[PDB]
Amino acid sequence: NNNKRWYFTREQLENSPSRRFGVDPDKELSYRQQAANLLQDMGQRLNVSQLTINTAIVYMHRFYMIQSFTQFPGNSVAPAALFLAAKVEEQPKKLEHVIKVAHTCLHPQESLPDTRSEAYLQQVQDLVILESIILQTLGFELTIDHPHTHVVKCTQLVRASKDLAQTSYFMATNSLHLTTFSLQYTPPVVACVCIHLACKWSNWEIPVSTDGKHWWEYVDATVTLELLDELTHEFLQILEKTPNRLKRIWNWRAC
């Protein structure tokens, strides 16, 4: 039962280290989403793989099943996690570069601190420390499996169109950003939920195989239609609770 270490029940998620310090469920979930968004932004500026960002996000999710947002702000943890993930996923970025990108994101007003300043070397010390804390908190379990792997593999099998492949993959990223599925269900299960959701939206339908089995049976042997509907439900529920509550805020105008 070493798997169930980084997988939790709803009772455990409800009793988070942050709940322990008086942080509302919706507010903690918000803090996670912001960290994910910050990780994604920084990652895109650093130009690392999405894999790196995704790994960094799972670290963050797991970090806060042990530590509290009270004690460790997301905006301090996030650059450390990404810096670590960058190495693990074989696209390492210079520590100088990360602190730069992090500064740009969190302080667009301030000027980029001097590389010699006492204040800059303090930023370095904090990042390197947090990395060490993240590593120890995770028990040096740094190998992460993502839904994207199984999503892409599955869409090839079922001969999906580019849009359906794109959308399924897109929902996989959204699952990491907006939910705590990475802490509840294994990547193959989440992959199905994403594909299932993309299908219900697009009205694409995946038939049964030549051997009479549903597509998700080729992804995970524990998944059932009952589970998929129920999780797609929960996924949508999380989507509504986002700010802008899904309303279409664009303008139908030029630029």
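Residue numbers here begin at 1 and follow the sequence given.
Of the two segments examined, 214-222 and 22-30, it is 22-30 that shows the higher average Cα temperature factor in the deposited entry. The question of which stretch, 97-105 or 179-187, has the higher mean Cα B factor is settled in favour of 97-105. In this entry, the residue among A119, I144, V158, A86 with the greatest C-alpha B factor is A119. Sort the modelled residues of the chain by CA B factor and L112 lands in the highest third. Ranked by Cα temperature factor within the chain, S168 sits in the lowest third according to the deposited record. Among all modelled residues in its chain, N174 ranks in the lowest third by Cα B-factor. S68: CA B factor lies in the highest third for its chain, per the PDB record.
Ranked by Cα temperature factor within the chain, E205 sits in the lowest third according to the deposited record.
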